[PDB]
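The data below hold one chain only, encoded as structure tokens and taken in the form deposited in one PDB entry.
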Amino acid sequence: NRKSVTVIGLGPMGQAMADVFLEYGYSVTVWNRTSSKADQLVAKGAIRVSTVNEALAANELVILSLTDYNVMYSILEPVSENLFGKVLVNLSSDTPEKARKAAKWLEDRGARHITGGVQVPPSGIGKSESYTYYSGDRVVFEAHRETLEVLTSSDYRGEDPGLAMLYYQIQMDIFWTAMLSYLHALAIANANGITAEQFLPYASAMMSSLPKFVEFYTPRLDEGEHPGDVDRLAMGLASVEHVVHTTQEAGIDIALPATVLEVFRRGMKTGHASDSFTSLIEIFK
């Protein structure tokens, strides 16, 4: 542990990471594209450099917190000859394939790449209850783990550099879709004269019940089996239709439940009326 690191990206996330590194006695060199002054970090000892060239020269270990992978290419391609021997830990959220391609591009330039998917907002940096998904070369990960674990606990998922972004993105698919379904349901409730406070225990109970369904179906899904022994797709379809009609009667936007309804209807069209609604995964595949 050299206790020396560069942080490229000084939005809220990058700043919280630099702050914790300073607290633990690291030398911290910082840079970003808009030349933020970072006055509070500097007063705590951060070294603000002018260019990305200087930022990369400062340290072997470079933590990136950027908008996405395209930014990484923009800023690094012009300094591609300066990457030899560097370890880049990219904490930027993007796709699994972007992470894989970046890892190879860096390796071709003599650098090593670790992918991280931070699961917490900036306020969770420095807390051991916080987790980040990691993936990439295991020897490179173990060499820098101690530093990474000053920021959060680690969940190392495997050697494939895309895996940390895979686990991150599939959880966000659930997050955003389920939360928008709550807001849609709430809009219906509000049109009918009930408040969010009134809905709260029922929205919460339904959400908290979902893992039991996931636990039930998991082993069936892994066998590719959709028998209609506890539920049938045709009955599910009828249930969805009532949600759609309830939506329309309330004057609420139909797009979200109508998309749910179209998925069900495609499963019916391809012969699954008597199978479990889990058969709809075949539509998604």
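Here the rigid core means the biggest group of C-alpha atoms that line up within 1.5 Å when the two forms are laid on top of each other. Residue positions are given as counts along the sequence shown, with the first one as 1.
Another form, the form deposited in another entry, is not on view; read the next lines as being about it.
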| query | finding |
| --- | --- |
| Shifted position (C-alpha, 2 Å or more, core held fixed) between this form and the one not shown, chosen from 258, 234, 221, 47 | 47 |
| After fitting the core, residue 85 CA displacement of 2 Å or more between this form and the one not shown | yes |
| Core-superposed C-alpha of residue 245 shifting 2 Å or more between this form and the one not shown | no |
| CA of residue 267, rigid core aligned, shift of 2 Å or more between this form and the one not shown | no |
